[PDB]
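Visitor: in their complex positions, the first chains:
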Amino acid sequence: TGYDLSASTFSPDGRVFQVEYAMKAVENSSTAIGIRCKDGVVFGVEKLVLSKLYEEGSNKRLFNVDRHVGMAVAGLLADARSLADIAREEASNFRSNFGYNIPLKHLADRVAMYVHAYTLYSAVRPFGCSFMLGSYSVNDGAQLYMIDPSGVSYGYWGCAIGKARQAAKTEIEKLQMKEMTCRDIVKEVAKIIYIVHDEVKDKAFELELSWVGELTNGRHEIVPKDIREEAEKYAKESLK
Amino acid sequence: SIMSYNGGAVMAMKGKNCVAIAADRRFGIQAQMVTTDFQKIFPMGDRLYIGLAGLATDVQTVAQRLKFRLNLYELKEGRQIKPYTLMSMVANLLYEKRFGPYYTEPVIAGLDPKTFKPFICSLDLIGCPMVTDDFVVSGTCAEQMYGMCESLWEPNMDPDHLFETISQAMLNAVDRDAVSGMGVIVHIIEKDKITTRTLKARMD
Amino acid sequence: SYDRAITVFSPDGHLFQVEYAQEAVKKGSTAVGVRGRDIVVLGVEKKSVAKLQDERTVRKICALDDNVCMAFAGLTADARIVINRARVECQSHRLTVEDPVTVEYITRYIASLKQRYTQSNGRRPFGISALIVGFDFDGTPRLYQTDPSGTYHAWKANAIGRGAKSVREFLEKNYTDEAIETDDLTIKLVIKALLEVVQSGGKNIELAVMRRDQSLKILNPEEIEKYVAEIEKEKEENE
Amino acid sequence: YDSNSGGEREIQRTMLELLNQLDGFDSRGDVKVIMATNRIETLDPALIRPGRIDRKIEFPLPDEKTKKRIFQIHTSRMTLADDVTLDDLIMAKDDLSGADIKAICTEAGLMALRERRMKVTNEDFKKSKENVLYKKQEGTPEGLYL
Amino acid sequence: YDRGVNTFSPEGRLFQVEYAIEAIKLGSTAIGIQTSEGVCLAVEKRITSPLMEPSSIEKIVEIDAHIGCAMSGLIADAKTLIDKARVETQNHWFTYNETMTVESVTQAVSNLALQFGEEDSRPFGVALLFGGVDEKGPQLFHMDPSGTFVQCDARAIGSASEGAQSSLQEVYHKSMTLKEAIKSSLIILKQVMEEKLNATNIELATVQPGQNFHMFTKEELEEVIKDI
Amino acid sequence: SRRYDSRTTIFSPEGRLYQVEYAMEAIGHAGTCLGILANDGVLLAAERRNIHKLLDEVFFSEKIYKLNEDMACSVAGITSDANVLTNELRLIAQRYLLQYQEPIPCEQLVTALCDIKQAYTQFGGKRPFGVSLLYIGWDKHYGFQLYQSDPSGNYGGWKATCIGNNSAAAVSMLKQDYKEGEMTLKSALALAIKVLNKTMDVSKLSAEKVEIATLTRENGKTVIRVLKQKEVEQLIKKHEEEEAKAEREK
Amino acid sequence: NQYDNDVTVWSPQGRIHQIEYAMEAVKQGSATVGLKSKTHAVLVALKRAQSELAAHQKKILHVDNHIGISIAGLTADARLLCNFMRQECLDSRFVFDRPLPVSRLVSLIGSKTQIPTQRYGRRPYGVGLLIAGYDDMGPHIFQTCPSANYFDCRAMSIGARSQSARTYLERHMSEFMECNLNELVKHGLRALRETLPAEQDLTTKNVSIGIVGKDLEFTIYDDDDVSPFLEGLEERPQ
Amino acid sequence: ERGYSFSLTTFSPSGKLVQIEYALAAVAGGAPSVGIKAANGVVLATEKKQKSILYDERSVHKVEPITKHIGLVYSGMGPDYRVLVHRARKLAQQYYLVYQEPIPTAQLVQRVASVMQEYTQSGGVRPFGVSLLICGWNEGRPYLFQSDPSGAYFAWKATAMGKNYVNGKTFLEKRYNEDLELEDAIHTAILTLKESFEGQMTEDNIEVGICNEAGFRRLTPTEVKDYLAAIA
């Protein structure tokens, strides 16, 4: 009875349904998952297509915040670019003052306070979009951290974001991350992403792919399809 | 200088059961006289005075800002102000201006509000209190200032001897200079009554 | 549907708290007044003074300058601000533009300030009005009014309070050039139109006549009785 | 309503039966309808379409000219007393009906019979003038200085 | 129900903006006409009581030397923007050395049309009619509190503007001169007015490049009367 | 439900003052004070809200506050909201005495705090002052001046005052006892004893539960007299002697 | 409907209708179809006026030399961003002395409309701007919406009755990447005229057309400038 | 109405004010703290009981003296006490070094409670339900004052709040009259303090502060029980 209206104020049950509204708003977004391999971190995004609707390859959810860091985001695209610029400005402060690679653990804590402070004040609103933070370095190594609109800072070897985060993470436990090469970790995502999220609900779509790691010398750039023989690795076992 | 501009000298010498404070009546710009009725020592509360020597503006401005904060405290509690309270009030007010401090020579001479015990103190223009029990020394010629006041000022002084002590002290130190002169007023206060006298000096 | 009124307009295009505020002027202290080619007059009464209280404290009508005087109605709380607020501006129009205060300037200030007074959520609106009484330079008359919306308008005579249109109907006969040819008949005509306003008992009646640029003086209970005698004689000889 | 009934909701719907009863289907002739009550807003705009759209009037507070006239006609047919003046009665009151000016002279005649006078006596004239000095005829908030 | 003013409607659209159009209905009716030789406009003063002075409240004001104006709706809000643009035309005549064009006057007020700030707490429901002569000759502009700008050959506002625009476009003449615009103005005038015509009932505004300013002059209104 | 919303900023709806009607209700709650006309002096009275004898009475003057050497005031209302107004006008009267080196005339003085109280009753949604405090003093022009502060900004200043709503019984007494030119300040002091013993609810005029503060004009000291209960006790026996003398007639 | 009041407060379903309410204002405007080829781009809009004697108010205007734009919906936020577009276009034109591509420039506009759609006490902004421009890689056509989502497209349309435009666009937009300017302009109006009711003009003064290119500066085509585009037209069938 | 809105304080139709009145109802539900003004000094006896035996009173201290010659005790709720503590720790020490001398405690109650007035009276969002018993020694004559959230400062020779506020105030109203013997006043003040107190009384169940004319001294549960129960 009006207890779920204000995000700053709590409810008689001890929580806020506005966070549940922001959490389930991420559930309505298209499936975007992530996984980290030994020498790198794999990113991916599934972009929905209705009619065309426009020139292919633009307005993609893959964003580059920092040299060694990358973004796999879901949800509303304006807040996705907004959270990309919030992290871009945060990465700009660490590069300005210091000039070396921002550790991903403390980078997630800086973005944690941002997203958390947005949930404190009822003037602003909690962002109903989620993102995937991952990075690799020679001294640091490969890390993948998952951040939720509630502000909890943490990370897993892999995570799932989209319509269903259960069936998307079901096969990750049997997937071999370390031993198999990062290039094989990309196809392990590309196969099931075509399997799951069936084409009956959405007729046309496209799967974005991005990876950063030792093979890229720490630099983050979107990897195309035909490059690294990924186009054939995509449709090989995904036809089952 | 700003001090010697308006001139003036304040000397507060305490007696036995009473406290006396005096200041010259001469007020003028440099070597030219203006008027002798300009008031320097102003009454604060009851049975307590304060001396001021310096720029007449810094004499009036501080006395106005002092009476300002004084009445504010006296209206909250009807009791009078202690000499230690006024000494810290003037020192704090003069310290509020660090690089801009007003140029004056505040000298607080007055009785305790509770009892008849007299107390005097002197404060620097920057807010530094200088604690002296009874006698203070000033003037122009050196041999008269520190030489006479040792044998002049007694440990216990009566209003008679105390008035004649500062009399010759303001006659030898002031009237020696050509531009200094034009009379000196003396304020000697005690618990029973407040006495105000003036010193006879030449008009040259 | 209907949110009543805060700031934004109502669905009918008008407001409410404004219309609601003008009724305070109706229940406030009534006032009257007239103008002429040289001398002008006014009146207020509605003092409700029992003479057992201080008479100078209830005094309301004042003057910024000898040329321009202030006449208001309603509660004097906000009007005391209108006094001081106009005293600062009339002193600025004194200070800047040293010429005598023009009625167009001073009225726009109060009006421009009376518009922002009703604007913010924020500054409280005025629930009272006022009417400027005075004379233009070189003896020409000036009288204006104020509106809770921050507008000004000029009248041939001051009629407000209860029966604004009824007194204005009596002011139609006041349009003759005979008023005011002599200041004796004008004051008698002021007590005439005022006789139909409230009690008109002569006690609380207060009238100040300003002749040309000379400062007005409140009529004492001496000349007021003589002007009331000729008004009663003109009524007795009218048959 | 008295007291708790069938009820806080449905009683409004059986009053809504009155609302449609006066709408009405189908209002044609008269059967004149003259309504007297506090607020007219209880009737829906759909009711005004059949009627009645003529006009509604309000009774203003009778002034001193109306007080004396109402008190005069009531005392016209039935002869009054000469010692009681109508001037001080209408002058001492402000904005009062014709009924209120009547029984303030009755409350004087009320106490008059305790002195056992059927005749007109000047002992009541002061006691009636005392009721003029008693004031209390009118009151209403206010209280403010405007 | 539950109208959110500047916050949009469930349908949806702005509401108080439409109520600001209703605020034009309560104001006096002004009927403008733009002609090749000049621009003529008329509005009724609507004197409530004989105490009212005719020149006290006027709906025609002068923004710039070559720019006329006709206000609408509220007065105090008009004269606010009026005197405002008068300062805007003064700063435009300084840096650019040339008088401000009637065109740019619109967009100057149109930026501040709806601020949703301290002004424009409540917005102002004052419509503005911009007349004058720019480098292109005589022009007549119309705007609303929402900031719409459309160049109209003949525009009417106020109460009778509904019935005024009816007979307006029918008898309007685009290619004719001011000679016909004289009698063409009094046509719609005498229609909408229910009372006798005098200099104090209405006011005329005529601005021409060669004859100006003008504006208007005293006792030319009664001349149009006897010319019927 | 047009006036049921909390506003405190804009006015009500028929032209009446919204909160000021309710502000005068708080003034008539537990208020006590009185005033009368006196030549060559003036007199005021106070009442202690707590009659408990365990109080220390170390507050000295409490319901009567002294804002100046030549002027004082009598607080009737919430003591918490008034203590902000005490130092307020006291500093405004001090900054005026600082500026001109001349005692602040009570004409503009009273109207200064009335406009200060008016700003809190105007805008910002700020809580109005529910305290009505008196004013007494002397000036070089009109001499003795009496004033009473009101929340709305229009002062209730007159030559008499009514505090609180219970004092309405004393208003009909003050208008009937209204006199000009006779003082004898004790004539009104003995009359003020009749005000407390009759019009006020508390009878017998309990000394420890009331206070009487008078101001006698003296050049240039202007001595303000805090009595307090000293000879009020003999004024009790003086008023009772009048009651014992009045019963001798009948 | 009380949950749609505050833009900050999320609805029970998470969808904020204040953006969709401004989507109506975008869809309540005139029908405009922008499109681009590899060589040059042609953007088209529509004009409507209050009365007959009132000149039809123009929509397409010019900002940057190589950036043409159209507009629909509220004019208050339009000219606010239009002057904001001037300041953003002169940023690099002054300091860097080069024009800004549409790619990175609209990213600032999307962030400018993020604050009014986020914090409390603010409202979204209905915007019908269709942005064009030429960087080194050729033309780009974006879209403006209260949701602050811009998509790079060859052709897109907003406003009233624009759903019928996209259907005619899909097969045509792929074939319009080849042909040159002239025949592309008259093929652009062959779209809007099918969207608009077929029983009325479609005059010269009620339609807006503009053309921008890499080596061709953007010129506003209105009134007599439209006449060369409207000559040699195929009438609509019945 | 309503009608008073807030800033600085809420509204009532009849008397006092609603809203924070409910916080005043929480003041009576706070920790009871007795106080005593006896002869040349001020005695303050509070009541502190932990929830379980796992707590040691040596950590949390309910008596936090602001000055060497001025102690204090709180009657009311929690850290809003500790909020005005550090406040008064800043507030009283500023005025102490302005004139460099303590000055009689009457002016201390004037200034220190002046901002406490505004702090409690003005809108704090949530209200403040902590009252205080003010003490000190001034010019040989000490003082015992009682403040509240409403900002009304009192003066009592023996006072109590929290529990016994109905019983103990009427108790001290009858048995105690005017000024009596110092330790004999502490007796009857503790007798009414144990009236509604629990039957189990230990060194850790209460605490007794004392303001000497030689300066405040905070006692400990050790010397509290070793004195008497019954302390006198």
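Guide: Noted; the coordinates are in hand. Numbers count the residues shown, from 1 in each chain, chains lettered A, B, ... in the order given.

Visitor: show me where chain G has helices.
Guide: In chain G, helices defined by DSSP state H lie at G:17-27, G:75-91, G:102-112, G:163-175, G:181-195, G:227-230, listed in chain order.

Visitor: just so I know, which of the ones you listed lies nearest residue C:73?
Guide: Distances from residue C:73 to each of those were compared using CB to CB; the minimum, 40.6 Å, belongs to helix G:75-91. Backbone N, C-alpha and C define where each C-beta goes, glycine included.

Visitor: which elements pack onto that closest one?
Guide: Judged by 3 or more CB pairs under 8 Å, 6 or more residues apart in numbering or on different chains; DSSP states H and E, the packing partners of helix G:75-91 are helix E:102-111, helix G:102-112.

Visitor: can the ones you listed go into TSV with extra columns for distance to chain H and mean neighbour count?
Guide: Below are these laid out as TSV (distance: least, CB to the nearest CB, whole Å; neighbours: other CB atoms under 10 Å in any protein chain shown):
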stretch	distance to chain H	mean neighbour count
helix E:102-111	35	19
helix G:102-112	33	17
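
Visitor: mind putting the ones you listed in CSV, distance to chain D included?
Guide: Formatted as CSV, the helices and strands packed on helix G:75-91 follow (distance: least, CB to the nearest CB, whole Å):
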stretch, distance to chain D
helix E:102-111, 40
helix G:102-112, 47
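
Visitor: so which of the ones you listed comes closest to residue F:249?
Guide: Proximity to residue F:249 (CB to CB) singles out helix E:102-111 among these, at 85.3 Å.

Visitor: buried set for the lengthiest helix in chain C?
Guide: If each helix of chain C is counted by residues according to DSSP H, the longest one is helix C:76-95. Of the residues in helix C:76-95, C:76-83, C:85-87, C:89-90, C:93 count as buried by neighbour count, 16 or more other CB atoms under 10 Å in any protein chain shown.

Visitor: name the next helix or strand downstream of it, please.
Guide: Scanning forward in sequence from helix C:76-95, with DSSP states H and E defining helices and strands, the next element found is helix C:103-117.

Visitor: add chain I to what we have:
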Amino acid sequence: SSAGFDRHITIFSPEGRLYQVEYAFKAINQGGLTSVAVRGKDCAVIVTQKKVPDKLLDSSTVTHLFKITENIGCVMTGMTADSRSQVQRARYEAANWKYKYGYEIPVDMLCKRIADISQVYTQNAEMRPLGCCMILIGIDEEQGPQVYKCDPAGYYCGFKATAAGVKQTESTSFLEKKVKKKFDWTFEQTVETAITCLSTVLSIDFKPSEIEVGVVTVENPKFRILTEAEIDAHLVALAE
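Guide: With chain I added, the chains above now look like this:
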């Protein structure tokens, strides 16, 4: 029962009861975390645990043990989103004590400083209650070990043994008879009291991996988290 805005604000009820604060008391209970703080003679041991729903859970980030200073650690409960924001704050307020005052803070005042602004979080409802719970430890001069706890109602609290939270009510009840004793506690005795109190609350006694156990003792005053090697050594030591 509720009247007015008291649902969304912290103002007290007619019974003198807070609303938004009383709903945050069980907001820690919804976190599902039991941290028991018990102090021996020369030492104090904190026992906590965690849940591993997915095999991708990283022990590093999801570890709930937070170390404020070298000599002073802490632990949280309830929602972990707000807890991290208070962690970096305690590091900042302790650094102010290091900067200004020059030495290490007793942490007794750190609980006051944190709870003072935690009271500001409880002051205005627009900045949210921040329902994270804080439990502190430390070392003071000649005071031996210490134990401190602060919930987000904003006071400073510490005692011999104090535990509050979801299941900590059942732990303190068993420890009343268990801790007394109340004599010199060996390191093996303090660890034995960590499992036995957990055995009354849970009695699952799963792998020592998931549970996190810290200790603060005076040998080297620095705080140290128990290594997984020694935890399993003391686990098989108490169970024979």
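
Visitor: same question on what packs on helix G:75-91, but now with chain I added
Guide: Helices and strands touching helix G:75-91, as assessed by 3+ CB pairs under 8 Å, 6+ apart, comprise helix E:102-111, helix G:102-112.

Visitor: wait, doesn't residue H:5 sit right on residue F:6?
Guide: Yes - the pair residue H:5 / residue F:6 is scored as a contact, 5.2 Å apart, by CB atoms under 8 Å.

Visitor: now for the residue of chain A found nearest chain F: which residues touch it?
Guide: Among residues of chain A, the one nearest chain F by CB to the nearest CB turns out to be residue A:2. It sits 18.1 Å away. Contacts of residue A:2 were listed using CB atoms under 8 Å, 6 or more residues apart in numbering or on different chains, and they are residue I:7.

Visitor: still on that earlier bit, between residue H:5 and residue F:6, which contacts overlap?
Guide: With contacts taken as CB under 8 Å, 6+ apart, residue H:5 and residue F:6 have residue H:11 as neighbours in common.

Visitor: which one's more surrounded, the two?
Guide: More neighbours sit around residue H:5 than around the other of residue H:5 and residue F:6, counting by other CB atoms under 10 Å in any protein chain shown; the figures are 19 against 15.

Visitor: before we move on, back to that, which stretch among the helices and strands packed on helix G:75-91 comes nearest residue A:133?
Guide: Taking CB to CB as the criterion, helix G:102-112 is the member of the helices and strands packed on helix G:75-91 that comes nearest to residue A:133, at 20.8 Å.

Visitor: which strands and helices lie in contact with that closest one?
Guide: Counting contacts by 3+ CB pairs under 8 Å, 6+ apart, the secondary-structure elements packed against helix G:102-112 are helix A:77-97, helix G:75-91, strand G:130-135.

Visitor: ranking the ones you listed by burial, who's on top?
Guide: Between those, the one whose residues have the most neighbours on average, counting mean count of other CB atoms under 10 Å in any protein chain shown, is strand G:130-135 (a mean of 24).

Visitor: and that one with chain A, contact?
Guide: No - applying CB under 8 Å from any CB of the partner chain, one finds that strand G:130-135 is not in contact with chain A, the shortest distance being 12.5 Å.
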